[PDB]
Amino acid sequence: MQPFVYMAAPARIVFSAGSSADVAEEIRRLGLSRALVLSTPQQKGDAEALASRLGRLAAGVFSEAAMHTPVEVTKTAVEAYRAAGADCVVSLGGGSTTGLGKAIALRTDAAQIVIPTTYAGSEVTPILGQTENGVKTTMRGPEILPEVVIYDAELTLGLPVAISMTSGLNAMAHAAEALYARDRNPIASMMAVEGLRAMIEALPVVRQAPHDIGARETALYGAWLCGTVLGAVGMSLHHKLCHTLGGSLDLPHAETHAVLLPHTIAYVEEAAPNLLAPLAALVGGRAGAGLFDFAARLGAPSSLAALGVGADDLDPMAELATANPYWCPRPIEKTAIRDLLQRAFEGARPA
């Protein structure tokens, strides 16, 4: 056995169809009584309906959560949290809404109850990205990790098919990189394989039947396991490269993960063939190429060109991607990253 360390993060995860009906219970269980419900404008109706059902347990609704968690919006939300006399936030939405709740918690120590409605997995990580003075920053710590997560697959029936597929691939990316983390451990590896198996099973079913509650349950369960390992162990080339491209070119988040994942996994697979073998088995081939074929079954975007990246962006990106050293089982090398970017730009099937 390889030496390892395993650290369980504190967690209270409530999982069941209709569980968002019991948000009141969870507020009370924390000994709290005044929730500020959070959403984007695209989920404002749902946030308002939840607040309504909470009655006196709902202190207010702030429905202006914004892409990339900009600090000026967070300042406004914190003013809303204070004015409402809130003692917690209930974050109803995807990674952008979870990020707003995390940014409010950073500033106020609000307890967080997160009700995730995508597959991003932020709800079980201690990581927070923000935009300040036009630049995306990242940090992590125990004060960011949400206290309670309520997974209610009914709230995902309405997640559109295209974002369901790319967000599902974003989840799979967390699990795939967990398999070869420098601080990999057997529990994170077991959860990663199970999360991959759940997403590979569920996403093709969700594509054909977005209203199928069984398939939605399975995909949400997979998203939870994938987020848990994002929370637990170190990511590598895939997540670093998505952050570089995402940040420098303003690319759509989940789509960037979907496009890059077959190529970043193929890059590492040359060096980590045994660690990626469970993934290769699940995709019925090579880990990188098999992911590409799986993404094609889902109809996900497959080229960086489709995301608005130009051929003249590839050299500057290969430079930025190699500027700051981090660990990978295969060392990051500029020419090899430049080749990876060219294949992802082309939408080529990994070799």
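Note that residue numbering begins at 1 and tracks the sequence as displayed.
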{"item": "Between the two ranges 166-174 and 242-250, the one averaging a larger CA B factor in the entry", "value": "242-250"}
{"item": "262-270 set against 136-144, stretch whose average Cα temperature factor tops the other in the entry", "value": "136-144"}
{"item": "Which of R107, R207, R82, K75 ranks first by CA B-factor in the deposited coordinates", "value": "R207"}
{"item": "Relative C-alpha B-factor of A344, binned into the chain's lowest, middle or highest third", "value": "lowest"}
{"item": "Within-chain third of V14 by Cα B-factor, per the entry", "value": "lowest"}
{"item": "CA B-factor ranking of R197, expressed as a third of its chain", "value": "lowest"}
{"item": "Third of chain Cα B-factors occupied by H257", "value": "lowest"}
{"item": "Where the record places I115 (Cα B-factor, split into thirds across the chain)", "value": "lowest"}
